[PDB]
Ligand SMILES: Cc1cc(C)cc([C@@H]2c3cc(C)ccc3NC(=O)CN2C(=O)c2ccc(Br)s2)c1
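Consider the single chain below, provided in structure tokens and representing the form deposited without this ligand.
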């Protein structure tokens, strides 16, 4: 039920831990600070809607860039901590915390700018972008500023170092304890790779087996986008492996772009500094060995789950070299 699903979802954000995690994410939090301060021209003297203000930090960054008024809308009980932070920084007169969903809140005026940190695992887990787009339609003036303004999604075949050690563990028992358990490699593979869950795990550049491929671009200003999101977003990809590796499946990640000076990009690439998002891993049922110039192709759609519209679903089709086309349907882990 909606009532139950919202209450359960907002329960997460009424607790300190996820906000500690988000603000401790320097890459994420510095990116928004600099994205905002670099848009001082467009914000100074202007009104801002912060969609999902949480502890209020981004609304305060907007005030510090010289916005005349900032509506900090927060649906979870954390709105009380945002009010306390705004009062505590002496900005009660410039930042107004409004409890409740952005979909139903009443702003006194339309706004010149929206700022929101709406991105989930795999970019679209939690489906918060719908709330930002709802706010854009209803509260942003024609021509108004969107922070960030766009998002891009990337895919690449990976060999996951940590998964490889966990799979290989059972073959090393004999050397450690004088019992041969190498026969549980099959079992370990079914348990760790044969599930249909998206796995959130940080990779390094060494886990990446080809040139990453962009499979989608979301321009938040593009009319049509709400409908695209419920249809599902994605496309085809093609790439060539660098070398011999046990391929475990694919990583997807995203970046978002603030307008500038010059445009600031917040990346969640494994080639770039770690963020709380890590990457979203799509494991094959078992490893497939690949080689220099092995062709990996397929097609991916990100769409909301039927039973929970905040639950990211990934439909993957893929071909590794001369192995036949396969299909796998993933849902975000609990």
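Positions refer to the first chain, counted from 1. We call the rigid core whatever largest set of C-alpha positions still superposes within 1.5 Å between the two forms.
- Missing coordinates between residue 202 and residue 203 amount to none of the deposited residues, so the segment is unbroken.
- Taking only CA atoms, the mean B-factor in the PDB entry is higher for 299 to 307 than for the other of 274 to 282 and 299 to 307.
- Higher mean CA temperature factor, per the PDB entry, when comparing 116 to 124 with 91 to 99: 91 to 99.
- When the C-alpha B-factors of 255, 171, 81, 131 are read from the PDB record, the largest value belongs to 171.
- Sorting 221, 213, 196, 76 by the CA temperature factor given in the entry leaves 221 at the top.
- In this PDB entry, residue 33 carries a Cα temperature factor that places it within the middle third of its chain's modelled residues.
- For residue 45, the recorded CA B-factor ranks within the highest third of the chain. Only modelled residues enter the ranking.
- Placement of the Cα temperature factor of residue 8 within the chain: highest third of the modelled residues, per the deposited record.
- Per-chain ranking of the deposited C-alpha B factor places residue 230 in the highest third.
- Looking at the C-alpha B-factors along this chain, the one for residue 266 belongs to the lowest third.
The discussion below concerns the form solved in complex with this ligand, not included here.
- The site on this chain is blocked, since this ligand, superimposed from its pose in the deposited bound form on the surrounding C-alphas, has 3 or more atoms within 2.4 angstroms of backbone or C-beta atoms.
- Looking at this ligand in the deposited bound form, residues 162, 209 and 288 place no heavy atom within 4.5 Å of it.
- Judged by heavy atoms within 4.5 Å of this ligand in the deposited bound form, the contact stretch among the candidates 275 to 283, 37 to 45, 288 to 296, 62 to 70 is 275 to 283.
- This ligand is not drawn, but in the deposited bound form it has no heavy atom within 4.5 Å of residue 139.
- This ligand is not shown here, but in the deposited bound form it comes within 4.5 Å of a heavy atom of residue 119.
- For the chain shown alone, residue 218 is a contact residue for this ligand in the deposited bound form, at least one non-hydrogen atom being within 4.5 angstroms.
- For residue 304, a non-hydrogen atom is located within 4.5 Å of this ligand in the deposited bound form, even though that partner is not displayed.
- None of 198, 158, 97, 111 but one reaches within 4.5 angstroms of this ligand in the deposited bound form through a heavy atom, and that residue is 198.
- Contacts to this ligand in the deposited bound form (heavy atom within 4.5 Å) from stretch 244 to 269: 252, 254.
- Comparing the forms between the shown form and the other one on their rigid core, the Cα displacement of residue 125 reaches 2 Å or more.
- Once both forms are overlaid on the rigid core, the distance between the two CA positions of residue 285 between the shown form and the other one is under 2 angstroms.
- Residue 318 is not among the residues whose C-alpha shifts by 2 Å or more between the shown form and the other one once the rigid core is aligned; its shift stays under 2 Å.
- Relative to the displayed conformation, the Cα-Cα distance from residue 125 to residue 138 shrinks by 3 Å or more in the deposited bound form.
- Panel note: the distance between the CA atoms of residue 124 and residue 247 is larger in the deposited bound form than in this form, the difference being 3 Å or more.
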